[PDB]
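Remarks on the structure that follows.
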Amino acid sequence: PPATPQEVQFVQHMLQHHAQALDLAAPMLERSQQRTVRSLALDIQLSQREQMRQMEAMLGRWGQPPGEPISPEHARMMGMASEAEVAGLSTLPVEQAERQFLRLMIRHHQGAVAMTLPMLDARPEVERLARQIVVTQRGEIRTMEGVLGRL
Ligand SMILES: [Cl-]
């Protein structure tokens, strides 16, 4: 049976949501001199990309396009960083940019969890993906909260 419109939209939106994690990590790898922050940024890039590859494959199998872009207001509700917030990671003094990176990525991951919980009650591969997203996001949030506390 084909993926439902809700399942298709969920994957389309999550693929774009995950992509932003890469935009947030890039300035840390460019600017931070903290091995702690750099290590964490790399790890999040790798975990988000693994899930993006799964989402891309799903959309390909379903013969569904990528979503239309998310609107700024709706991106904000999803916990995504605004245009300005992402730019701050490149323009703010580095120590402030590191803290902002963690705050933005935490809020980002909280939005991902909140988008995903309703999908736990779905087509098996979507349920599996949803569970993986929630587990991974929650692990990374806990690490980021620890790092933010130690900075
Ligand atoms: Cl990749």
Can you give me the distance in nm between label points at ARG128 and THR91, each placed 7 Å from the Cα along the Cα-to-Cβ direction?
4.4 nm
With the crude spin-label approximation of a point 7 Å out along Cα→Cβ, what separation in nm comes out for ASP23 versus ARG76?
1.5 nm
Once you wrap a convex hull around the alpha carbon atoms of the stretch 48-116, what is its projected area averaged over all directions, in nm²?
5.5 nm²
Geometric extent, Cα atoms of the chain - Rg, Dmax (angstrom)
15.6, 52
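Cβ sites come from the backbone with ideal geometry, for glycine too, and all protein chains shown count toward neighbours. No value in this document is a laboratory result; all are computed from the given coordinates.
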